Structure formats: C-alpha cells, structure tokens
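Below you'll find only one chain, the form deposited in one PDB entry, shown as structure tokens.
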C-alpha cells in the first residue's frame, strides 16, 4: 500500500503500468484517489464542476487566495485568466527568443568538457528570463534567484516533513512582498514590463489590485522555474539514452520541437496533478465520495497504450504538438506558460547542439541527484561534452 517515489523511475513506471492494468482507480491509505489511465485523467481534467481546482470550495467560510489562477474554478477562473493573459501575451513570449538565446549561449560558452548541466544552464536560465519579463532591477536579480532557488531546493525534501509549510513561508513571504511593492511602484509609475502590464490591465470591467498582481507574479515564477529546469535535464537524459537523435537534430534543428514534445510525454516534469471532488462522483465506474483529493497520473497517462501506440518507445516522430500535450495539463487550466516552456527548451537544445554536438550523462558521477516529490527529474546532472570549441581536436 505505498506510492513508489520519484527517483527510482523504472520501479515507478513498472508500478503505474500494473495499476493501469489491475487497479486503474485506487484509493491510497491517506484516502487520496489515484487515476492512472489516459481516458480517465482526461475525464477528470475536463470536468471542473466535479473536480475542482479550489479545495476551499468544499469548506464553510474559506475562499481562494486572490491572483491564484491555478486555485480557482470557472466562472472566476475565466474572468481572471482573461485579465492575466492580456498582460502575458504571445508576442510578449516570442520577443524573448533573442535574450533566451543570448543568456543560454553565454552560460554554455563558459562550460567545457565536464560540468553540471543543471548548475550551468537548466537552473539559472528560467529564473533569469522570469526576472527580465517581470522588469525587475538588474541589481535585484541575485536575491530574486536566491528566493526561487530556495523554493526549488525545498522540493528535494520529504513533502511530509512537518516543517515544510514554515520553510516555504520563510521564502515566500518576502518574495511576494518584494513583488507587491514592485506592483505598487509600477501602478504609480508604469514601464514596459509584465508587472506594469498586470497593474495596467483591465478586460471585462476586471482588473488586478496589487495583491492579485503580486500573487500571480509569484505563482508565475514558481510554476515556471522548477518545471523548465526539470524539462531541460530530462531532454538531455533522454537523448543520452536514445543518442542517435543528437545527430538527427544536429543535421536538422527543425526536428528539435518534436524532440521537446516527446520528452514531455516520455518524462513529464509534473507526473501528477491534483483535484478535489465537489460531490459524489465516479471514475471508470469506481465510486468516489465528495470532498476528497484526486491525483491524476499524467506520467501513467503518457505511457498508456490505449492512448499512445508502443507508449514506452521514445519516438519523436509522433504527431505531437499543441493542446494535446498532457504534460502541460488539459482544458481550462492548460499551462499558461507553455509557449515560454517550449521556447526556452527549444533554444536550450539548439545551443547545446551548436556548441557541443552531444552530451552524455555521467551516470556514475555521484553528484547526480533526482527529485523525489512533486517532480520527475534531476536536480544535478553531471555531463560530459562529446566535443566543444575548446579542444584542439
């Protein structure tokens, strides 16, 4: 009666595989309901009326934290997402390419034969880009990175460690008050930055006060950093295992986006999502009571043969793309950061190939560490360049 941890990936995948076949809806000893098949995960994620993103919904006198889009249900979710989206736009994201490329190239250019891909690229990159998108003083970047980094590091710890909430609040409370001051500053004296945009936005009579704007910016950072960090490490780890794709991608960089989707399917940085039932309901004929937590295994869905032929084959030739990418969610909460996630990882892989041709994982480098809670991937990924401009080759 145990959920296998995130680190031993094979044992995890083996267990999910058995669940999809023998117990596709399972109630754990904590009374959390686990959903393993793709069809059923999809059903849960579409049905927001039954499967709420708002645990406060089911509690007398409790209400959601304002600005926290991922914690609220339609109709208000729609109202808010519309406001937020008007600030954080497709051109906003796409104009970021040169800076992403510029930061990435510079960081890699200082990495030679041996290095940790996460320490060098995957960890610092996303947070640099979030800081710049938000428009915050270059002189605030170091502390901003330290707060985000601390919160990434928190996830290395056992999530049932009862000190969890306190250590989270120790970082979160200053972060958000820094952003909320920035919001108030920007409301009085706006610029060309996401915070300014967020405090300037109004869509259908609806705007964000400083509280909402600050909570959103914080959520945006938290959603954006670890996931993106984990994705790039997973990309390199997966090419390591299927290395003929290094050369295919080297030859044709147009192949990179399909590689990024296939890694996302193969190794979702978030293997699980959570909902709360609002009422007695059923999944796949299995009865689930009101007011309980349901965990949808995206990782199990991604490896479901009923949804993906030869699911355990790493195969970028799959006809992937768009809103079908379960690793960014499904339905109204579908990842707001998806274009940025996709952009950052496409540029990152392009740049890795450009400089190195190929990376191999140093699997016996003892600094290698996997996460084991919310995330499927690697905190430190020692690598070895196939080659680099540093060699008199």
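Only residues modelled in both forms are compared. Take the two forms, superpose them, and find the largest set of C-alpha atoms that agree within 1.5 Å; that set is the rigid core. Residue numbers count along the first chain shown, from 1.
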Which is higher on average in the deposited entry, the C-alpha temperature factors of 181-189 or of 283-291? 181-189
Read off the CA B-factors in the entry, average them over 219-227 and over 245-253, and name the higher stretch. 245-253
In the PDB entry, which of 238, 296, 106, 320 has its C-alpha at the highest B-factor? 320
Select one of 204, 71, 310, 261: the residue whose C-alpha shows the highest B-factor in the crystal structure entry. 204
When the modelled residues of the chain are sorted by Cα temperature factor, does residue 76 land in the lowest, middle or highest third? middle
Compare the C-alpha B factor of residue 122 with those of the other modelled residues in its chain, then answer lowest, middle or highest third. lowest
Modelled-residue ranking by C-alpha temperature factor, third containing residue 91: highest
Classify residue 114 as lowest, middle or highest third according to the C-alpha B-factor given in the PDB entry, relative to its own chain. middle
Residue 31: which third of its chain by C-alpha temperature factor? middle
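Omitted from view is the form deposited in another entry, to which the following refers.
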Where does the C-alpha shift reach 2 Å or more between the shown form and the other one among 98, 287, 243, 321, given a fit on the rigid core? 321
Hey, does residue 310 budge by 2 Å or more at the Cα between the shown form and the other one once the core is superposed? no
Taking the rigid core as the frame, does residue 276 move its C-alpha by 2 Å or more between the shown form and the other one? no
Shift of residue 358 between the shown form and the other one at or above 2 Å (CA, core fit): no
With a shift of at least 3 angstroms, figure out whether the C-alpha spacing between residue 294 and residue 160 grows or shrinks in the other entry: closer or farther? closer
Versus the form shown, are the CA atoms of residue 286 and residue 160 closer or farther apart in the other entry, given a shift of 3 angstroms or more? closer
Taking the rigid core as reference, consecutive runs of 3 or more residues that move 2 angstroms or more in Cα between the shown form and the other one: 55-61, 137-171, 223-225, 319-323, 363-365
